[PDB]
Amino acid sequence: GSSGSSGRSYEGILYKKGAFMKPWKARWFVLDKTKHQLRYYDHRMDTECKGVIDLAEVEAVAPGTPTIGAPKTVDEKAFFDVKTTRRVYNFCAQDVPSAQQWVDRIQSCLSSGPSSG
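Peer 1: What's the story with the pattern of salt bridges in this structure? I'm lost.
Peer 2: Side chains that differ in charge, positive against negative, can pair when their charged atoms come close. What the rule picks out here adds up to 3 salt bridges. Of the charged contacts, one joins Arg27 and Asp42 as a salt bridge, the two residues approaching to 3.5 Å between their closest N and O atoms. Highlighted residues: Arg27 in strand β2 (residues 25-32) and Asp42 in the loop between β3 (37-41) and β4 (52-54), separated in sequence by 15 residues. Here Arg27 falls in the partly exposed class, since its relative accessible area comes to 25%. The closest approach of N and O atoms between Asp54 and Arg86, which form a salt bridge, is 3.8 Å.

Peer 1: Mind showing me how you'd approach the state of the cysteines here?
Peer 2: One covalent bond between the sulfur atoms of two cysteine residues makes up a disulfide. Counted according to the given criterion, the structure contains 0 disulfides. Free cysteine: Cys109, not disulfide-bonded; nearest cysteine sulfur from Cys49 at 18 Å. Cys109 gets classed as partly exposed once you look at its relative accessible area, which sits at 28%.

What counts, and at which threshold
- Here the residues of each chain are numbered from 1 in the order the sequence is written, which can differ from the numbering of the entry; residues without coordinates are not included.
- By convention in this description, side-chain values take in all heavy atoms of the structure and omit both hydrogens and water.
- Basic side-chain nitrogens of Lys or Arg form a salt bridge, by our definition, when they fall within 4 Å of a carboxyl oxygen of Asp or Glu.
- Each helix is a run of H or I in the DSSP string that is no shorter than four residues. Each strand is a run of E no shorter than two, and both are numbered from the N terminus.
- Relative accessibility decides the category of a residue: with a 1.4 Å probe and only protein chains considered, values under 20% of the type maximum give buried, values over 50% give exposed, and everything between is partly exposed.
- Working definition: a disulfide is two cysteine sulfur atoms within 2.5 Å of each other.

Take a look at the structure:
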């Protein structure tokens with residue numbers, strides 16, 4: 001991170017696969033490093049958070065490719081899939097880099113393993 005002070009975590013635009021008539025939906029996600037969870041609100045600063053993704057339940061992530069429905073803004077070197085216990089998630093930032101940061105972030109808080117080394 002470093003860039004800007006910001007709260008005690010990160011926050012940026014994050015879309016989600018459509019899987020429906022309509023294309024992907026752009027939502028405001030919240031990469032909480034302190035809570036290690038994924039909080040996304042329908043609208044920037046909504047009454048309450050709608051849905052959570054325990055990063056601690058993330059198996060890993062991989063840079064996927066732009067499919068149908070996705071935005072024609074971001075590139076292919078941005079989209080990143082998030083694997084969890086529940087199911088696979090399709091996410092992508094609004095930039096090739098901005099995305100990489102999203103990954104590194106999520107990847108920076110995957111699952112607890114062996115310490116010391």
